[PDB]
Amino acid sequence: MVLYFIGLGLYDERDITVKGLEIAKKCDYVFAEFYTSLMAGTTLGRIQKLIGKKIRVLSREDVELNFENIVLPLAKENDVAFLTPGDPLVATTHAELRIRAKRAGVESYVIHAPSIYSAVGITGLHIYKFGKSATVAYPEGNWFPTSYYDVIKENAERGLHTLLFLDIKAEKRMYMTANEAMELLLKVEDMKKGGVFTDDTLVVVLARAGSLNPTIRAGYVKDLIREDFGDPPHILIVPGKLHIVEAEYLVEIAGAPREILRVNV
């Protein structure tokens, strides 16, 4: 009679909360989805071993089209868990699944876990200064989406930071790198000429948040565009004007050039 939405956290199998783990262990059935994002620091096998339960993976179609036929029927007479990378309901489509549960007469509860949305606090940038977020999508064919560029423009002009989720082909396990994102943004700038993203733009790259050894780098595009930030996933941030405290953290912790203390504050 109960469905638990349980977050797996940021990177590996230990990023689930103690609450989420103990609840998952007591569930009769455990499902999981890895299409909204991936858990790059672990494997399905390691997650399964930790929980001690067989984990049935669901595709985007399984969920978006058949959640009420695959998961809810079992949740009617058993305790069922639905695992998702990060924090449940951060992904925009997740929330509606709770309405489906209600419609089916199934109680649902949410067990939170760390999300990249909040983990970016490790960049030293004040969380309150982050504005609207956006996703950099790979262009393809004759389709060249650029809405993320406008998001940076609107946030930056108001002195706010912009969190940029990078494209991911979950099924193929292909991650867009911060380098590719920077190249794309420079390409968009060359087309819109808005003066929003150039070689002189200060950016911050956060790779493998959740890991004990994440890569946190800050610097100008001209210097970071060909830099190796390590294995995925990568997150790109275009900060707005910096509070001196944010700048000092970027210099001392993220290796930012001293120049940001006089140019970006």
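In case it trips you up, residue 1 is the first one in the sequence shown, and so on.
Asker: Output the stretch having the higher mean C-alpha B factor in the entry; the candidates are 115 to 123 and 89 to 97.
Answerer: Result: 89 to 97.
Asker: For the C-alpha atoms alone, is the average B factor greater in 53 to 61 or in 40 to 48, going by the entry?
Answerer: Looking at the recorded C-alpha B-factors, 53 to 61 comes out higher on average.
Asker: From the list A156, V110, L83, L74, select the residue with the highest C-alpha B factor recorded in the entry.
Answerer: Comparing C-alpha B-factors across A156, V110, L83, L74, the maximum falls on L74.
Asker: Among the choices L160, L164, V106, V151, identify the one whose CA B-factor in the record is greatest.
Answerer: If I rank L160, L164, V106, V151 by C-alpha B-factor, first place goes to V106.
Asker: Within this chain's modelled residues, let me know which third the CA B factor of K169 belongs to: lowest, middle or highest.
Answerer: For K169, whose C-alpha B-factor we compare with every modelled residue in the chain, the answer is the highest third.
Asker: Taking the values exactly as deposited, rank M1 by C-alpha B-factor within its chain and report the matching third: lowest, middle or highest.
Answerer: Highest third.
Asker: Among the modelled residues of its chain, does the C-alpha B-factor of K193 lie in the lowest, middle or highest third?
Answerer: CA B-factor rank for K193: highest third.
Asker: Per the entry's values, where does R226 land by CA temperature factor relative to the rest of its chain, in the lowest, middle or highest third?
Answerer: According to the entry, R226 has a C-alpha B-factor in the chain's highest third.
Asker: Lowest, middle or highest third of the chain for the C-alpha temperature factor of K102?
Answerer: Ranked within chain, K102 CA B lands in the middle tercile.
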